[PDB]
file protein.tsv (TSV, C-alpha atoms (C1' of nucleotides))
chain	number	residue	atom	x	y	z
A	1	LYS	CA	-2.89	52.48	-32.80
A	2	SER	CA	0.50	53.51	-31.42
A	3	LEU	CA	1.87	53.95	-34.95
A	4	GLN	CA	-0.87	56.51	-35.67
A	5	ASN	CA	1.01	59.01	-33.49
A	6	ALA	CA	4.51	58.28	-34.74
A	7	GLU	CA	5.71	61.55	-33.19
A	8	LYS	CA	4.61	60.49	-29.69
A	9	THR	CA	6.87	58.94	-27.06
A	10	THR	CA	6.86	55.65	-25.15
A	11	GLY	CA	9.26	53.87	-22.85
A	12	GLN	CA	11.86	51.40	-24.07
A	13	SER	CA	12.32	47.80	-22.91
A	14	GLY	CA	15.02	45.22	-22.26
A	15	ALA	CA	14.17	43.32	-25.45
A	16	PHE	CA	15.88	46.11	-27.39
A	17	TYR	CA	19.18	47.66	-26.29
A	18	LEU	CA	19.15	47.96	-22.51
A	19	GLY	CA	19.94	50.91	-20.27
A	20	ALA	CA	16.79	53.03	-20.38
A	21	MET	CA	15.57	51.27	-17.24
A	22	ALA	CA	17.04	52.24	-13.86
A	23	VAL	CA	19.78	54.31	-15.54
A	24	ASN	CA	22.26	53.86	-12.66
A	25	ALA	CA	21.44	57.21	-11.05
A	26	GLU	CA	18.13	59.02	-10.50
A	27	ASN	CA	14.67	57.58	-11.22
A	28	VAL	CA	14.31	59.20	-14.64
A	29	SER	CA	13.06	57.64	-17.88
A	30	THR	CA	14.52	57.97	-21.38
A	31	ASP	CA	13.71	60.03	-24.46
A	32	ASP	CA	12.57	58.46	-27.73
A	33	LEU	CA	9.83	58.52	-30.36
A	34	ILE	CA	7.41	55.79	-31.35
A	35	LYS	CA	8.34	55.10	-34.98
A	36	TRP	CA	12.01	54.71	-34.04
A	37	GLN	CA	11.12	51.90	-31.63
A	38	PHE	CA	9.12	50.10	-34.32
A	39	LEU	CA	12.12	50.05	-36.67
A	40	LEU	CA	14.16	48.27	-33.96
A	41	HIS	CA	12.06	45.10	-34.39
A	42	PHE	CA	14.20	43.67	-37.21
A	43	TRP	CA	17.83	44.68	-36.54
A	44	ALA	CA	18.68	41.21	-35.18
A	45	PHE	CA	18.32	39.47	-38.55
A	46	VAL	CA	21.14	41.45	-40.18
A	47	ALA	CA	23.45	40.84	-37.21
A	48	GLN	CA	26.24	38.27	-37.47
A	49	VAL	CA	26.77	35.75	-34.67
A	50	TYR	CA	30.07	34.25	-33.50
A	51	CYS	CA	30.75	31.79	-30.70
A	52	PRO	CA	33.72	32.48	-28.38
A	53	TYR	CA	35.42	30.11	-25.97
A	54	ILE	CA	37.98	30.02	-23.15
A	55	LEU	CA	40.93	27.64	-23.00
A	56	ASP	CA	41.15	25.43	-19.92
A	57	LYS	CA	44.12	23.41	-18.66
A	58	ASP	CA	43.04	20.39	-20.73
A	59	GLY	CA	42.59	22.45	-23.90
A	60	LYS	CA	38.84	21.85	-24.20
A	61	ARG	CA	37.01	24.50	-26.23
A	62	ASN	CA	34.84	25.80	-23.38
A	63	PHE	CA	32.34	27.86	-25.35
A	64	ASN	CA	30.63	30.62	-23.38
A	65	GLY	CA	28.51	33.56	-24.47
A	66	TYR	CA	28.23	35.02	-27.96
A	67	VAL	CA	29.86	37.71	-30.09
A	68	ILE	CA	27.56	40.03	-32.05
A	69	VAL	CA	28.68	42.08	-35.06
A	70	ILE	CA	26.65	45.14	-36.08
A	71	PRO	CA	27.48	47.02	-39.31
A	72	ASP	CA	26.98	50.74	-39.88
A	73	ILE	CA	25.27	50.99	-43.27
A	74	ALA	CA	26.37	53.93	-45.41
A	75	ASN	CA	24.56	53.28	-48.71
A	76	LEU	CA	21.19	51.63	-48.08
A	77	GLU	CA	20.61	51.02	-51.80
A	78	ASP	CA	23.92	49.19	-52.29
A	79	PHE	CA	23.90	47.32	-48.96
A	80	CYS	CA	20.72	45.32	-49.62
A	81	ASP	CA	22.19	43.81	-52.81
A	82	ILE	CA	25.47	42.23	-51.66
A	83	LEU	CA	24.12	40.43	-48.58
A	84	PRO	CA	21.96	37.82	-50.44
A	85	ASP	CA	25.13	36.22	-51.82
A	86	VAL	CA	27.33	36.90	-48.77
A	87	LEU	CA	25.15	34.78	-46.47
A	88	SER	CA	24.67	32.16	-49.21
A	89	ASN	CA	28.42	31.46	-49.64
A	90	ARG	CA	29.32	30.64	-46.03
A	91	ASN	CA	31.76	27.82	-45.36
A	92	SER	CA	29.95	24.53	-44.72
A	93	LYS	CA	32.77	22.95	-42.69
A	94	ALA	CA	31.40	21.44	-39.48
A	95	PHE	CA	33.23	20.67	-36.23
A	96	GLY	CA	30.99	18.89	-33.74
A	97	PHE	CA	27.91	21.02	-33.07
A	98	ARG	CA	29.48	24.19	-34.50
A	99	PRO	CA	30.89	25.35	-37.83
A	100	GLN	CA	34.64	25.80	-38.08
A	101	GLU	CA	34.36	29.55	-38.71
A	102	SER	CA	32.01	29.94	-35.72
A	103	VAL	CA	34.92	29.41	-33.28
A	104	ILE	CA	36.95	32.53	-32.46
A	105	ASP	CA	39.19	33.58	-29.58
A	106	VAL	CA	39.00	37.38	-29.29
A	107	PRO	CA	35.97	39.57	-30.14
A	108	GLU	CA	37.95	41.41	-32.84
A	109	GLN	CA	38.29	38.16	-34.80
A	110	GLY	CA	34.61	38.03	-35.71
A	111	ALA	CA	34.38	41.64	-36.88
A	112	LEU	CA	37.57	41.43	-38.96
A	113	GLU	CA	36.47	38.12	-40.48
A	114	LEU	CA	33.27	39.77	-41.72
A	115	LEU	CA	35.34	42.34	-43.62
A	116	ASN	CA	37.26	39.51	-45.30
A	117	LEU	CA	34.03	37.81	-46.40
A	118	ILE	CA	32.47	40.99	-47.80
A	119	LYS	CA	35.47	42.00	-49.91
A	120	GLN	CA	35.66	38.52	-51.44
A	121	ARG	CA	31.98	38.84	-52.37
A	122	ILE	CA	32.71	42.38	-53.59
A	123	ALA	CA	35.28	40.87	-55.95
A	124	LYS	CA	32.53	38.45	-57.01
A	125	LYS	CA	29.53	40.82	-57.03
A	126	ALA	CA	30.21	43.63	-59.50
A	127	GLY	CA	29.14	47.23	-59.00
A	128	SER	CA	30.80	47.56	-55.58
A	129	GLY	CA	34.20	49.10	-54.89
A	130	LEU	CA	35.81	49.75	-51.51
A	131	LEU	CA	34.63	48.51	-48.13
A	132	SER	CA	34.26	52.05	-46.77
A	133	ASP	CA	31.72	52.81	-49.50
A	134	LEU	CA	29.43	50.15	-47.97
A	135	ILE	CA	30.35	50.06	-44.26
A	136	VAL	CA	31.34	53.05	-42.14
A	137	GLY	CA	31.74	51.37	-38.75
A	138	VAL	CA	31.48	47.98	-37.07
A	139	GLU	CA	30.05	47.30	-33.61
A	140	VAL	CA	31.32	44.38	-31.50
A	141	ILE	CA	29.30	43.17	-28.51
A	142	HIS	CA	30.17	40.40	-26.04
A	143	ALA	CA	27.25	39.08	-24.00
A	144	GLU	CA	26.54	36.24	-21.59
A	145	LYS	CA	23.46	35.14	-19.64
A	146	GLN	CA	23.75	33.81	-16.09
A	147	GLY	CA	20.68	32.93	-14.05
A	148	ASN	CA	18.09	35.70	-14.39
A	149	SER	CA	20.59	38.40	-15.35
A	150	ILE	CA	22.64	39.17	-18.46
A	151	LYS	CA	26.26	40.27	-17.99
A	152	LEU	CA	28.13	42.37	-20.54
A	153	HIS	CA	31.91	42.20	-20.93
A	154	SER	CA	33.05	44.53	-23.72
A	155	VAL	CA	31.49	47.06	-26.09
A	156	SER	CA	33.71	48.27	-28.93
A	157	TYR	CA	33.32	50.18	-32.19
A	158	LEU	CA	36.44	51.11	-34.15
A	159	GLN	CA	37.51	51.99	-37.67
A	160	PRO	CA	36.96	49.14	-40.16
A	161	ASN	CA	39.87	49.12	-42.61
A	162	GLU	CA	41.27	47.21	-45.58
A	163	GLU	CA	44.94	46.68	-44.65
A	164	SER	CA	44.22	43.59	-42.52
A	165	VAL	CA	43.45	41.27	-45.45
A	166	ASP	CA	46.87	39.60	-45.23
A	167	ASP	CA	46.37	39.04	-41.49
A	168	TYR	CA	43.67	36.41	-42.06
A	169	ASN	CA	45.97	34.43	-44.35
A	170	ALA	CA	48.85	35.01	-41.92
A	171	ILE	CA	46.97	33.22	-39.13
A	172	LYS	CA	45.34	30.42	-41.16
A	173	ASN	CA	48.72	28.88	-42.01
A	174	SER	CA	50.17	29.68	-38.56
A	175	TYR	CA	47.52	29.16	-35.87
A	176	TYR	CA	46.43	25.74	-37.19
A	177	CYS	CA	49.17	23.76	-35.43
A	178	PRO	CA	49.50	25.49	-32.00
A	179	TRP	CA	46.86	27.06	-29.76
A	180	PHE	CA	48.81	30.00	-28.25
A	181	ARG	CA	49.70	31.80	-31.50
A	182	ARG	CA	46.55	33.92	-31.07
A	183	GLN	CA	48.56	36.32	-28.88
A	184	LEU	CA	50.44	37.81	-31.84
B	1	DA	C1'	144.22	60.59	5.47
B	2	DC	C1'	145.41	61.71	-1.01
B	3	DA	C1'	144.90	59.37	-6.77
B	4	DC	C1'	143.53	55.43	-10.06
B	5	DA	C1'	140.23	51.04	-11.49
B	6	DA	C1'	134.60	47.84	-9.99
B	7	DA	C1'	133.86	42.75	-15.96
B	8	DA	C1'	134.23	40.44	-20.90
B	9	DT	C1'	131.37	35.76	-24.92
B	10	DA	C1'	128.64	31.18	-26.14
B	11	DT	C1'	123.96	28.59	-24.07
B	12	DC	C1'	118.09	29.18	-21.16
B	13	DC	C1'	114.96	21.51	-23.11
B	14	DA	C1'	114.08	17.52	-26.43
B	15	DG	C1'	108.65	12.90	-26.89
B	16	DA	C1'	104.67	10.11	-25.84
B	17	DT	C1'	99.93	10.59	-23.67
B	18	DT	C1'	94.52	14.46	-21.74
B	19	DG	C1'	89.61	8.56	-19.29
B	20	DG	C1'	86.67	4.72	-20.01
B	21	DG	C1'	81.35	2.06	-18.42
B	22	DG	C1'	75.84	2.61	-16.28
B	23	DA	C1'	71.70	5.83	-14.68
B	24	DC	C1'	69.08	11.76	-14.93
B	25	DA	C1'	62.38	10.25	-10.78
B	26	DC	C1'	58.06	7.58	-8.74
B	27	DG	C1'	51.60	9.43	-7.46
B	28	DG	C1'	47.55	12.30	-5.66
B	29	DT	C1'	44.59	16.85	-6.38
B	30	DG	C1'	44.57	21.48	-9.75
B	31	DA	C1'	38.42	26.41	-6.65
B	32	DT	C1'	33.52	27.04	-3.96
B	33	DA	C1'	29.49	31.45	-3.33
B	34	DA	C1'	26.41	35.60	-2.82
B	35	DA	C1'	25.29	40.21	-5.58
B	36	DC	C1'	17.11	40.07	-11.47
B	37	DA	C1'	14.56	42.46	-15.45
B	38	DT	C1'	10.38	42.93	-17.89
B	39	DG	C1'	5.19	42.35	-18.70
B	40	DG	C1'	-0.80	43.21	-18.89
B	41	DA	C1'	-5.76	44.57	-16.30
call {"tool": "encode", "arguments": {"input": "protein.tsv", "output": "C-alpha cells"}}
result
Amino acid sequence: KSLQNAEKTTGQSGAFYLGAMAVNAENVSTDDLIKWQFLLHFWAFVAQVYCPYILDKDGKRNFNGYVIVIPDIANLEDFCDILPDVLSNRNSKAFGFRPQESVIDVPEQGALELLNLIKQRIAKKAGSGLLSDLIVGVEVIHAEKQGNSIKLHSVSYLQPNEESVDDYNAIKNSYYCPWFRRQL
DNA sequence: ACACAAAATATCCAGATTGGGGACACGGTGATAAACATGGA
C-alpha cells in the first residue's frame, strides 16, 4: 500500500542509517521519499565485514566491534558480474573462531584489502579493466554496540586507488613476525 | 769626566714491560563508573 504512492514521504528509522531521529538540534524530521526507503532493505548483503581488535599488554587479540566496507558502484551492469566469483574465492584459512583475513588492525586495512581482491578477480574475470571503471569510492564505517546504545568511532570515504598493490605484499612478508610493524 | 770592545764549536738518552680471577638482582599488582533508540493500536 505504501509503495502505491512511491512519491510520498515517510519517516526513517534506526534500522537503516541513523541520524534522522533527534537530529542534535531542533525537533524537526527528515526529508525522503518512499521508494528510496524500500531500496535500502538489501544494501547490507553487498557490504563486506571485517573484525578489528585492540592489543593488550599480554598481546591477546581483543576483538571489539566491526568494520564495514561500502562500495560506490559506477557501472551497475558490470558490477553484478564480478562479485559471484569474488565472494566464492575467499581464503579458507581459519584461526580459532575467525578467518585469518578477518583480523585487521586499522579500518583502512579492510577497504584496501577489498581492492586487492577485486583486481585479482579482474585479472581472472575477463571483460573488466581498471578498478575505477567499477568502483568510484569506498566507505569505511567503524561501529560498536554497548548496552542499549550503539557508539560510532570513525566515518571515512576517500579515493580508492591502484598504486597500493605492492603495499599488501610489503606487509605480508614483514608484519608476520612482529606485532608493531603496523605503524609503518 | 772622553774613545774602543760585550763570545766562538761539538752534544740534548739507550730496553724490557701496560693486570690477572668471580659476580651484573630477588616478588607483588598493572583501572573502576555514570551518560537508550525504535515499534504498533
call {"tool": "closest_residue", "arguments": {"input": "protein.tsv", "among": "A:93, A:126, A:20, A:9", "to": "chain B", "atoms": "all atoms listed in the file"}}
result
A:20
call {"tool": "atom_distance", "arguments": {"input": "protein.tsv", "atom1": "atom CA of residue 181 of chain A", "atom2": "atom CA of residue 157 of chain A"}}
result
24.6 Å
call {"tool": "interface_residues", "arguments": {"input": "protein.tsv", "of": "chain A", "to": "chain B", "cutoff": "8 Å", "atoms": "only C-alpha atoms (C1' of nucleotides)", "output": "list in words"}}
result
residues 13, 14, 148 and 149 of chain A
call {"tool": "atom_distance", "arguments": {"input": "protein.tsv", "atom1": "atom CA of residue 141 of chain A", "atom2": "atom CA of residue 156 of chain A"}}
result
6.8 Å
call {"tool": "atom_distance", "arguments": {"input": "protein.tsv", "atom1": "atom CA of residue 33 of chain A", "atom2": "atom CA of residue 17 of chain A"}}
result
14.9 Å
call {"tool": "axis_aligned_box", "arguments": {"input": "protein.tsv", "around": "segment 172-180 of chain A", "padding_each_side": "3 Å", "output": "AutoDock Vina command-line options"}}
result
--center_x 47.8 --center_y 27.1 --center_z -35.1 --size_x 10.8 --size_y 12.7 --size_z 19.8
call {"tool": "residues_around", "arguments": {"input": "protein.tsv", "residues": "residue 113 of chain A", "least_positions_apart": "5", "cutoff": "12 Å", "atoms": "all atoms listed in the file", "output": "list in words"}}
result
residues 48, 49, 50, 69, 90, 101, 102, 103, 104, 106, 107, 108, 118, 119, 120, 138, 160, 161, 162, 164, 165, 166, 167, 168, 169, 171 and 172 of chain A
call {"tool": "residues_around", "arguments": {"input": "protein.tsv", "residues": "residue 131 of chain A", "least_positions_apart": "6", "cutoff": "12 Å", "atoms": "all atoms listed in the file", "output": "JSON, numbers by chain"}}
result
{"A": [71, 72, 73, 74, 75, 78, 79, 82, 112, 114, 115, 116, 117, 118, 119, 120, 121, 122, 123, 137, 138, 159, 160, 161, 162, 163, 165]}
call {"tool": "closest_residue", "arguments": {"input": "protein.tsv", "among": "A:140, A:28, A:94, A:51", "to": "residue 65 of chain A", "atoms": "all atoms listed in the file"}}
result
A:51
call {"tool": "closest_residue", "arguments": {"input": "protein.tsv", "among": "A:134, A:26, A:16, A:77", "to": "residue 41 of chain A", "atoms": "only C-alpha atoms"}}
result
A:16
call {"tool": "build_atoms", "arguments": {"input": "protein.tsv", "residues": "segment 23-41 of chain A", "atoms": "N, CA, C and O atoms", "output": "short mmCIF file (atom, residue, chain, number, x, y, z; two decimals), in the frame of the given file"}}
result
data_model
loop_
_atom_site.label_atom_id
_atom_site.label_comp_id
_atom_site.auth_asym_id
_atom_site.auth_seq_id
_atom_site.Cartn_x
_atom_site.Cartn_y
_atom_site.Cartn_z
N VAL A 23 18.87 53.24 -15.12
CA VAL A 23 19.78 54.31 -15.54
C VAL A 23 20.95 54.59 -14.59
O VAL A 23 21.65 55.60 -14.74
N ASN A 24 21.17 53.70 -13.62
CA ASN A 24 22.26 53.86 -12.66
C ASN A 24 22.44 55.25 -12.03
O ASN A 24 23.57 55.72 -11.89
N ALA A 25 21.35 55.90 -11.66
CA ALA A 25 21.44 57.21 -11.05
C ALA A 25 20.15 57.95 -11.39
O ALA A 25 19.85 58.20 -12.55
N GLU A 26 19.39 58.29 -10.35
CA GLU A 26 18.13 59.02 -10.50
C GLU A 26 17.04 58.13 -11.10
O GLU A 26 17.33 57.27 -11.94
N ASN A 27 15.80 58.34 -10.68
CA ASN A 27 14.67 57.58 -11.22
C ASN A 27 14.02 58.40 -12.34
O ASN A 27 12.95 58.98 -12.21
N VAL A 28 14.71 58.42 -13.48
CA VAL A 28 14.31 59.20 -14.64
C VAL A 28 14.26 58.28 -15.86
O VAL A 28 15.14 57.43 -16.04
N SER A 29 13.23 58.45 -16.68
CA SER A 29 13.06 57.64 -17.88
C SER A 29 13.95 58.16 -19.01
O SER A 29 14.80 59.03 -18.82
N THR A 30 13.74 57.62 -20.20
CA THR A 30 14.52 57.97 -21.38
C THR A 30 13.68 58.75 -22.38
O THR A 30 12.46 58.87 -22.24
N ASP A 31 14.35 59.27 -23.40
CA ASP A 31 13.71 60.03 -24.46
C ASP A 31 13.78 59.24 -25.76
O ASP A 31 14.85 58.75 -26.14
N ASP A 32 12.64 59.13 -26.44
CA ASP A 32 12.57 58.46 -27.73
C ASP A 32 11.23 58.80 -28.38
O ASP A 32 10.38 59.47 -27.78
N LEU A 33 11.06 58.33 -29.61
CA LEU A 33 9.83 58.52 -30.36
C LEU A 33 9.37 57.18 -30.92
O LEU A 33 10.16 56.26 -31.12
N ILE A 34 8.06 57.09 -31.17
CA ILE A 34 7.41 55.79 -31.35
C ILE A 34 7.95 55.08 -32.59
O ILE A 34 8.32 53.90 -32.53
N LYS A 35 8.00 55.78 -33.73
CA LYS A 35 8.34 55.10 -34.98
C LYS A 35 9.78 54.60 -34.98
O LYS A 35 10.10 53.66 -35.70
N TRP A 36 10.66 55.23 -34.19
CA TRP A 36 12.01 54.71 -34.04
C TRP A 36 12.01 53.34 -33.36
O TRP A 36 12.76 52.45 -33.76
N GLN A 37 11.18 53.18 -32.33
CA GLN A 37 11.12 51.90 -31.63
C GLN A 37 10.62 50.79 -32.54
O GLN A 37 11.08 49.64 -32.46
N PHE A 38 9.66 51.10 -33.42
CA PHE A 38 9.12 50.10 -34.32
C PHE A 38 10.19 49.58 -35.28
O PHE A 38 10.22 48.39 -35.60
N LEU A 39 11.08 50.46 -35.74
CA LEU A 39 12.12 50.05 -36.67
C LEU A 39 13.13 49.10 -36.02
O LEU A 39 13.81 48.35 -36.72
N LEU A 40 13.22 49.12 -34.69
CA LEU A 40 14.16 48.27 -33.96
C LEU A 40 13.65 46.84 -33.77
O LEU A 40 14.21 46.11 -32.95
N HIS A 41 12.62 46.44 -34.50
CA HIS A 41 12.06 45.10 -34.39
C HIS A 41 12.70 44.11 -35.35
O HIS A 41 12.33 42.93 -35.33
#
